[PDB]
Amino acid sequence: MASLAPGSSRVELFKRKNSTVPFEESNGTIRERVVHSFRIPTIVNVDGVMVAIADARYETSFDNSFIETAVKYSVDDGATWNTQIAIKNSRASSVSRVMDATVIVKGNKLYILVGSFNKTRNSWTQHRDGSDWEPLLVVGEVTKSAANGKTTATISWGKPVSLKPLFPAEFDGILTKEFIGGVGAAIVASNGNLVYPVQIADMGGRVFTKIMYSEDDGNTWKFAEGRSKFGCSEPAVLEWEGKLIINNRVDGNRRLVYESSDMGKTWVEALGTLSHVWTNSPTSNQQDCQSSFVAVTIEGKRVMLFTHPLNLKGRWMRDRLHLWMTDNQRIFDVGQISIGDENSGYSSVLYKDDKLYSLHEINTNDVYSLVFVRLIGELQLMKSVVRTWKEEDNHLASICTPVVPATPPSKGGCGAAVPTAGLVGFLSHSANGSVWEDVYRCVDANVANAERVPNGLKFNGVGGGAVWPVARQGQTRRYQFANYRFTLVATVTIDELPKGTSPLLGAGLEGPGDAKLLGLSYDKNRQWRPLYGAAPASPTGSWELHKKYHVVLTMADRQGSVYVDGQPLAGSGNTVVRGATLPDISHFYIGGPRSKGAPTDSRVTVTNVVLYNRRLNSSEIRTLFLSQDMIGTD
């Protein structure tokens, strides 16, 4: 429940202990051979032909067993498939194996990078040296042919080539041991380069990721200078707005995401967007899982698709495969694409000719099949959401804001546009007694003791207010960016005087006590009480009951400011977080929500709460101050 959507369906395409593969004997005779388990799915489109790539783990599902690379391919979008063994293992031993295919499509060619092992019984990261290993590159060519109106295809697979001679003996003076591809679909960059994210094991047994790329269609390969932190594995890469985005598996902690604007030379952790959003299980202390990570264009908008199990059962069970869609600002949970509480695993997603598919593992008793899934209901919802995103951004960007003294007398006589770049969430008119709906359909705020008003809520009662969850999102922390930077905006009225001080808007911190990163309170003397981290919150300024004010909280570079009516309150611009440890914001609070502790009852009305993943600039703050009556969804 939350599960493969109505409209969608699947088949067991690579059927454990059932589907055969054309195993080639040493003498060249072909034998249709049953396969215990099919693992490590990738599905891609090569010039109209679906190509599904998988480990055929012939005898057992163990990693260090007899494995070859299987392919199934279809010219009729999966009505029918032909089956190959694309890549043979060395046949050196009973555990000879080509493993963990990583695939790039360029034109009618598939570039497949696999690890190849002869006799080791333990895993690649654990080997004493690289002697049992070769990284093999194989090129497949897809040829389509039509005759009597019947399209068919063949795929020819080149002889494997070892890239072992190209593997540096060290990086930063520490010796390398082995590398393999990051698993799954990799890319051709807009400059034509073949870009593989790779996993490197050093002679110390540590692992990290790097980009290995080719400028000449695989004739030569270069390892770019940058790398992940140690502990990152199975990286997936896409290209977004001129950067590589490298999304890493991280066993036992949250997933690190890096960006590189220079073909891997320099990596910067994506603290302001996607890093640490996703994780391996609710508690983050479990073995992680491979994920697909693909850029697609849906309804005219470029988005990234990401698949990962929730792994509520933990370990390698990997139940509850989800698909997320993000425009690098908003992050939408498309839903669970596996069925019920079944164990899934590694996955792949493909958008081809305006249809969405997945190829993913299902696991019963550690026997694995690959299901081929028609994500029909999922695509419908995705298109709806992208339309919402487009419609709202367009709407906001089209508002004619008031001219200001240095407006360049422009078109329509408007001031600067309402900012939409980095606009992550927006709470406005749509709400009920318990939910304040994110206009962008990703993260609702939870509400208590509220009454609806145009564009927001009026709070009256114990814990009257809204909680916009940050760390409180739980496993997938879509607002993790806020720990690095944010702007939070709202229009407010104070409806009744507080007894002493009462909360209005801010960012709470995880931990005991009642700590806030940045926020605003108000008091019985009709002063504001901005809260700048742990600093004693000194009253300042003046407000009137019933009057609408504009509130902006900005935090970036560990500095916090609080603006009322487009002007900073005393005490703004200083450091609100100390250390080089990111804050852990629990939630944004709007009004005085609480479920425990003091029975706060902030009698305020808040409308049009906007959240950005960056610090708005002075022009943008002014624009919002001047356009408060223009942005609401009522």
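From 1 onward, residues are counted along the sequence shown.
The question of which stretch, 446 to 454 or 403 to 411, has the higher mean Cα B factor is settled in favour of 403 to 411.
Set 90 to 98 against 281 to 289 and average the Cα temperature factors; 90 to 98 ends up higher.
Within the group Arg526, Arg387, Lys106, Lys177, the record's highest C-alpha temperature factor is found at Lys177. Considering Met203, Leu359, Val424, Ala185 together, the PDB entry gives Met203 the largest C-alpha B factor. Ranked within its chain, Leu626 lands in the middle third, by CA B factor from the PDB record. Compared with the other modelled residues of the chain, the Cα B-factor recorded for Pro469 ranks in the lowest third.
Remark: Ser131 belongs to the highest third of its chain, ranked by C-alpha B-factor as recorded. For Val44, the recorded CA B-factor ranks within the middle third of the chain. Only modelled residues enter the ranking. Sorting the modelled residues of the chain by their CA temperature factor places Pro568 in the middle third.
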